[PDB]
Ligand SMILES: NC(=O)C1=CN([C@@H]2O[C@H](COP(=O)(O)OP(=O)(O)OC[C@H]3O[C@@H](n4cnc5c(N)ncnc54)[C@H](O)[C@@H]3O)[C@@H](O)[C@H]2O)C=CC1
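Here we start with a single chain on its own, the form solved without the named molecule, put down as structure tokens.
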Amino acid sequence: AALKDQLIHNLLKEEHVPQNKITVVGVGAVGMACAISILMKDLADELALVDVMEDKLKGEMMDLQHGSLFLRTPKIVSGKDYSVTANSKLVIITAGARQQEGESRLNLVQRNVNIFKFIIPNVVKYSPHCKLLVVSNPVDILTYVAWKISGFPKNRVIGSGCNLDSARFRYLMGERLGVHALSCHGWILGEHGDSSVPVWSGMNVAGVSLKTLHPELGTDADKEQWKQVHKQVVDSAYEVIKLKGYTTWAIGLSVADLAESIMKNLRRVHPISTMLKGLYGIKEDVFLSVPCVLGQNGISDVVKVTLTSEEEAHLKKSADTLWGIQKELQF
């Protein structure tokens, strides 16, 4: 017969069900950065890519497949049709609406809701037990949208939130102190972007609190302008976009880190976006970044960080704003 039949003797015709499947939605720069980072960390036995642009999609898939020899992820698949995403343990959403000049913020968000209205039900249909990881911006709001539309319990809908911002923060701390980011500890919480909260009290190296050694840390009396470091974190995003057009690599790595905690059930603590109703006097259905314990069931626990009245107020303000927008959305 065929060569295959002359060479290989088959013992078992069984249809495969993947054990550790991950799906990435959106094959723009961010999606592809997430994909490659995941592939290089051996987190999945099957990777699925979905987008609306069929050509780009197929091309990215082929490019990855050609590298199979150098990978340990035996199956990479793609398609416009969400059936290819079946049985994902984790689905990462990077797709969004592309911005129009002169469009209001509310309008942009609504257009994303309309996109998610197509995406989410299709995801849930084929992977009813998956965890959702939302990366698209604005992340805290779109994580809420995905939660609402999916009908999943809140532990299973996760926003990337301030994971990357905290990583940037630690990198910058490390630059100033001459130590690796891994050994600098610091937390950025709340709303992703301009209104994030740097928790000065918690900043340390080897368990030595910086605020104790330098009490003006994070104030304006601060002659070393540490307050600037936080501003720098917020600005660096735009700085990079101004320079190369967009951001990709850092987000990809940050997302893969989250995926690792989930796929391996590590129960590490990450500053990620979860529903916060009932904490710090927040009474609305909003998602904000707090330190969360992350594992195979998504977010199981939250760490209660002790905040100053100023910081606590800053969070409530963010919650009010987010709710203000969310209440205006048409589902």
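Under this definition, the rigid core comprises the largest set of C-alpha atoms superposing within 1.5 Å between the forms. The first residue of the sequence shown is number 1, and the count goes up from there.
Notably, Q100 is an intermittent gap: at least a third of the other compared entries of this protein, restricted to those modelling both its neighbours, have no coordinates for it. Stretches 274-282 and 32-40 differ in mean CA B factor, with 274-282 having the higher one. In this entry, the higher average B-factor at the C-alpha atoms falls on 209-217, of the pair 125-133 and 209-217. Comparing the C-alpha B-factors of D165, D140, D194, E260 in the entry, the top value falls on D194.
Residue-level inspection of the entry shows that, of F116, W147, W226, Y246, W226 has the top Cα B-factor.
The PDB entry assigns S300 a C-alpha temperature factor belonging to the middle third of its chain's modelled residues.
When the modelled residues of the chain are ordered by C-alpha B-factor, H185 sits in the middle third. For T94, the recorded CA B-factor ranks within the lowest third of the chain. Only modelled residues enter the ranking. In the deposited entry, the Cα temperature factor of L108 places it in the middle third of its chain's modelled residues. Among all modelled residues in its chain, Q65 ranks in the lowest third by Cα B-factor.
Form deposited with the named molecule bound: not shown, discussed below.
Among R98, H180, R176, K223, the residue placing a heavy atom within 4.5 Å of the named molecule in the bound PDB entry is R98. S136 is the sole member of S166, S136, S78, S196 with a non-hydrogen atom within 4.5 Å of the named molecule in the bound PDB entry. Taking the partner from elsewhere, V25 is found to have a heavy atom lying within 4.5 Å of the named molecule in the bound PDB entry. Taking non-hydrogen atoms only, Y82 approaches the named molecule to within 4.5 angstroms in the bound PDB entry. Although the partner is absent here, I119 lies within 4.5 Å of the named molecule in the bound PDB entry, judged by heavy atoms.
The closest heavy atom approach of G31 to the named molecule in the bound PDB entry falls within 4.5 Å. You can rule out all but one of 197-205, 213-221, 256-264, 105-113: in the bound PDB entry, only 105-113 has residues with a heavy atom within 4.5 Å of the named molecule. The putative spot formed by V50, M53 and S160 is fully lined by the named molecule in the bound PDB entry; each residue has a non-hydrogen atom within 4.5 angstroms of it. Superposing the rigid core between this form and the one not shown leaves a single residue from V77, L71, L106, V240 with a C-alpha shift of at least 2 Å: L106.
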